[PDB]
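Data first, discussion second: the structure below is written as structure tokens.
Derivation of every value follows stated rules applied to the coordinates shown; laboratory data play no part. Here Cβ is always computed from backbone atoms with ideal geometry, including for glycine, and neighbour counts include all displayed protein chains.
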Ligand SMILES: CC(=O)N[C@@H](Cc1cc(F)cc(F)c1)[C@H](O)CNC1(c2cccc(C(C)(C)C)c2)CCCCC1
């Protein structure tokens, strides 16, 4: 924990959160997307039209070629690179330096985003999903192994709160501890089912207090994960359809185009007249540390209606064919502790949550649910 790590994240709405890092000797400054949905540390290392700077290995005295190729395909972006090791620091993180594996990006497609202000990505998940394979020690594992930094990190992603520019966002990545000033109320923990993605189990879903009443295996159909690198709440097909049906009904007083519900087309209102009260709250109940217990995290429309350029919003809930992805919009307004040491993820109401006059984002428990290990997908 540390006061000096507060507000060390920045970003543009919809384009992830990044932290400043240095690579090489002398230190080369780069902005790096913080991604709990992947396990590779990678940086642009060759010219690209959307990169204004990049990692130049030749300028680093501490660089070492691993003489090995590496490739990672994400949801739609992808890159190819060359492995190596170098000294890495996080100026606004812990006061330490570590020799980490680095994928030097030489080719890419739809990976770098025009005007995002980041030049690389920091995969914070486990070795099991790293490319080329699990022998390439992820950054966080190197940090804990080489230093005395406790095996734990927390993320406080904050919302937007202009005009023709994407809203700027901020947050905090607290490495090695829990900063108690970043949250209120109690921290509730859900088990990390398996150490590969940050996998969890959802046992119940409600929209405005109404249970979807689905077999809980559906909520984790495939898998459920906590992914700071994906913007939206992504839901498996059957859950998505049931959720949008209910959100439509709650906000039936008004009518929006199908494009809006499909996440692509935007929807606007005059400034300050956004009818937040017609959109329902969504509660995801996560499995507790104790069998038969659960806790819920409640999400407001201020989280799932993401603001965009020129008051305009996009529906930030979309369909998945690879499980539930609790992306940035779900993490916003919560303090999320990735307690790797004790294989669990904690949630607490964030100090930067969306107040709202009548409703608020919340973390509450316990709630007693008969049977929860049966909600998982058995390999
Ligand atoms: C939108 C997106 O692609 N986000 C990625 C980071 C990112 C951010 C960005 F701004 C631009 C990019 F090109 C990439 C996440 O890593 C996605 N994470 C999952 C995933 C999807 C596809 C392969 C993979 C890996 C890297 C593990 C093979 C992991 C998502 C589905 C559930 C599993 C996790």
Completion exercise
Computed, not fitted: 222 nm per-residue ellipticity of the chain from DSSP H runs ≥ 4 (each -39500 (n - 2.57)), nearest 500, equal to -2000 deg cm²/dmol
Fill in the blank from the handout: A student applying the Cα gyration tensor rule (rounded when a/c is under 1.5; otherwise prolate if a/b is larger than b/c, oblate if not) would label the stretch 75-219 rounded
Exercise for the section: Based solely on C-alpha atoms, express the radius of gyration and the Dmax of the stretch 266-379 in angstrom. Expected result: 16.2, 49
Fill in the blank from the handout: The simple spin-label model distance between residue 96 and residue 322, using points 7 Å out along Cα→Cβ, in nm, is 3.1 nm
Completion exercise
Under Stokes-Einstein, the stretch 121-207 at 37 °C and 0.692 mPa s, with its Kirkwood radius over C-alpha pairs, diffuses with a coefficient in µm²/s of 204 µm²/s
Completion exercise
Two pseudo-spin positions, 7 Å from Cα along C-beta at residue 269 and at residue 4, lie apart in nanometres by 4.4 nm
Practice task
Pop a pseudo-label 7 angstrom from the Cα along the beta-carbon direction at both residue 277 and residue 371 and give the gap in nm to one decimal.
Solution key: 4.2 nm
Exercise for the section: Kindly state, to the nearest 0.05, the FRET efficiency for residue 343 paired with residue 241, given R0 = 45 Å and r defined as their beta-carbon distance. Expected result: 0.85
Completion exercise
Unit-weight point scatterers at every alpha-carbon of the chain, Debye formula, q = 0.06 1/Å: log10 I(q)/I(0) is -0.22
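Report the FRET efficiency, 1/(1 + (r/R0)^6), for residue 71 and residue 114, where r is their Cβ-Cβ distance and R0 is 22 Å, rounded to 0.05.
0.45
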Exercise for the section: For the stretch 225-267 and the stretch 300-379, compute the distance between their C-alpha centroids and round to whole Å. Expected result: 14 Å
Completion exercise
Rounded to the nearest 0.05, FRET efficiency between residue 62 and residue 164 (Cβ-Cβ, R0 45 Å) equals 0.60
Exercise for the section: Can you tell me which of 233-241, 180-188 comes out highest on packing, and rank the rest after it, using the mean Cβ neighbours within 10 Å? Expected result: 233-241, 180-188
Practice task
Compute the label zone of residue 180 within the stretch 329-354: residues whose backbone N is under 19 Å from the point 7 Å along Cα-to-Cβ.
Solution key: 335-339, 346-352
Completion exercise
Taking a label point 7 Å from the Cα of residue 151 along Cα-to-Cβ, the residues of the stretch 175-200 whose backbone nitrogen sits under 20 Å from it are 175-179, 189-200
Problem - the stretch 1-70 and the stretch 93-154: distance between their alpha carbon centers, rounded to Å - result: 8 Å
